[PDB]
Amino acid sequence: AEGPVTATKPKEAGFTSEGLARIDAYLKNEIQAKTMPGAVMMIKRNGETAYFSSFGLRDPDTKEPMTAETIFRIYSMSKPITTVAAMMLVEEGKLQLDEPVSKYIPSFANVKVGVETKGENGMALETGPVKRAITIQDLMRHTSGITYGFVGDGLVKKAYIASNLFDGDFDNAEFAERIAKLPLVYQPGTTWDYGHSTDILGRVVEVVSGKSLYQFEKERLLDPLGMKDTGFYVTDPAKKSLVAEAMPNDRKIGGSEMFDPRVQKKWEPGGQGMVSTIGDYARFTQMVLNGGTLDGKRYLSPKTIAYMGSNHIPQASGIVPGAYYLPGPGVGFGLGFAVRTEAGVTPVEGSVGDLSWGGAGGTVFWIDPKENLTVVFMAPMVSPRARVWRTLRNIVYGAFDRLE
């Protein structure tokens, strides 16, 4: 427990105080159940802060309190930021969505597609050529054939694991080469499958800009937006104790302990390596809700934002869901965002057109243009994250007193 971080205007935000109180009760109960050591959450609607509270601890071992300034490993929430960075280059005519990835990273020109088939001793992989080159758009919407070794199962995924992709101290250029040596799980441009595509996109950004992913983002987005505690590593000695840590029995991601952001390394993966704070990320999402601008500064045009927020894998795309379609029924996917397409069907409340994504470390956010709403939630945890995120959606929408 703890309470509000700042003053709030729930009624003007279109919520009831009784409804929002349900969030307090839920979070405190989950903390008591040891689902997480603590949590911080912010809800903004109609340009007003409807809710902003923190509860519990940011670290169960040190017993340090959960605060608004607490730094979280945001993992996959790094993707929308990486994608926005790439789209800035697109707006300047320095990158195109239909261009082949191989144009920037040659090793991807000759990747092969693995297909499971019966052999003398069980299932084995047959490999063949791609029918189409992987495009920049494919990377942005996860229809490139590039996957994640630890998500679901399969022979290609087992090959990812066997290749020990995360050994040593390597940079984005080297990681891209490691990925390029592996077979794809699906033909490029045909199937949605979550994977390392965004890490590859990050390298594309470096090739085009001539800068490291972090420096490019720092200059074009992080500094101007005021996201002073957002990056890939916590190098400021005064900020190292602010890193949130999950319960002892829930610190494993992909079969390994969470990386230590307090120790700088060469890798700056655009799909999973960032650290940030709720305040920093809220500015990023507000910028997106605003159509690409914040505090008088424009980062992307409103057309570009609308384009990123559109479904890029509907029927007209011919794209089909892969074996592990994470967004689930009633939800599509755009350029770095899951996009709700059905009012019902999806088993959680929300609005057609709302944008969202989460991180394996417990963080999640969503932007609802129809309801002029943005929500950011951060709590260090892994196994129960999806359950908590879905429940929070229900509670937030369940606290509405009116529709916009």
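Numbering starts at 1 and follows the sequence shown.
Trainee: Look over 361 to 369 and 37 to 45 in the entry and identify the one with the greater average Cα temperature factor.
Mentor: 37 to 45 has the higher mean C-alpha B-factor.
Trainee: Once you work out the mean C-alpha B-factor for both 296 to 304 and 164 to 172 from the entry, which is higher?
Mentor: That would be 164 to 172.
Trainee: From 203, 73, 196, 132, pick the one with the largest CA B-factor in the entry?
Mentor: Within the set 203, 73, 196, 132, 132 shows the top C-alpha B-factor.
Trainee: Between 282, 109, 275, 89, which carries the biggest CA temperature factor in the record?
Mentor: Across 282, 109, 275, 89, the entry lists the biggest C-alpha B-factor for 109.
Trainee: By the recorded C-alpha temperature factor, relative to the other modelled residues in its chain, which third is residue 386 in?
Mentor: For residue 386, whose C-alpha B-factor we compare with every modelled residue in the chain, the answer is the middle third.
Trainee: Can you tell me which third, lowest, middle or highest, the CA B-factor of residue 64 falls into for its chain?
Mentor: Top third by C-alpha B-factor.
Trainee: Where does the C-alpha B-factor of residue 144 rank in its chain, lowest, middle or highest third?
Mentor: Lowest third - that is where residue 144 ends up once the chain's C-alpha B-factors are sorted.
Trainee: Tell me, lowest, middle or highest third: where does the Cα B factor of residue 393 rank within its chain?
Mentor: CA B-factor rank for residue 393: lowest third.
Trainee: Among the chain's modelled residues, which third holds the C-alpha B-factor of residue 179?
Mentor: Answer is middle: the recorded C-alpha B-factor places it there.
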